There are 2 protein chains.
Amino acid sequence: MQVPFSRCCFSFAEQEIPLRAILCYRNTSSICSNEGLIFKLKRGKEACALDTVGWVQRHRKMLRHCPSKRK
Amino acid sequence: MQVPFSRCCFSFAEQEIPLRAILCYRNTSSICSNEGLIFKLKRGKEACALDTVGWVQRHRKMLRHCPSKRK
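Here we summarise the structure given alongside this text. (Residues numbered from 1 in each chain as written, not as in the entry; some residues may be left out. Chains lettered and ligands numbered in written order. Heavy atoms only, no water. Residues with missing side-chain atoms left out of burial classes, pairs and counts.)

## Some remarks on the relation of the copies chain A and chain B
The two copies are related by a screw motion: chain A maps onto chain B through a turn of 180° and a shift of 0.0 Å along the axis, at an RMSD of 0.1 Å. The superposition of one copy onto the other is thereby described by a two-fold rotation axis. Relative to the rotation axis, the closest C-alpha in chain A is found at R7(A), a distance of 2.6 Å. When you check the interface residues of chain A against chain B, 100% turn up at the interface there too, and the contact is symmetric in its surfaces. (Least-squares fit on C-alpha atoms. Contact = heavy atoms within 4.5 Å.)

The following block contains the structure:
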């Protein structure tokens, strides 16, 4: 019965986000990939970041993938 | 510091979803609107549905907007 929505990043973070501010990262859905990465921030906040930009790549290596559930 | 990801529906529910199966709805992000509606189902499941289709409109009227948080 599920037709999940896609997670897309059409606008990206200009300023560097401190690594300590991020919990984990999610990839954008493949249909709208656009080289974006989602960083999950504290208290449920979020930031799209473009994965071709230097700092985003280095931050990605120092984080784990955001967990999901099935309940 | 936030650059939220967009919620987009590029694929939609063909078959009618029972109203009792849905918790609430959310709108797709305006940048990728495409006349889609998101229905939140049980155990965190989800369904994109096209708002020009009859049943989706009638289901929408009998539901409330999905709540969000800020913590």
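That shown, we press on.
## So, the interface of chain A and chain B
Chain A puts 27 residues into the contact, and the matching count from chain B is 27 residues. For the side of chain A that touches chain B, the secondary-structure elements that each account for two or more residues are β1 (6-8), β3 (36-41) and β4 (46-50) of chain A. When its residues are assigned to classes, the side of chain A that touches chain B shows 18 nonpolar, three polar and six charged. With three bridges joining them, β1(A) and strand β1 (residues 6-8) of chain B adopt antiparallel strand pairing. By the bridge assignment for β1(B), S6(A) is matched with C8(B). (Helix = DSSP H or I, 4+ residues; strand = E, 2+ residues; numbered from the N terminus. Nonpolar A, V, L, I, M, F, W, Y, C, P; charged D, E, K, R; others polar. Pairing = 2+ DSSP bridges.)

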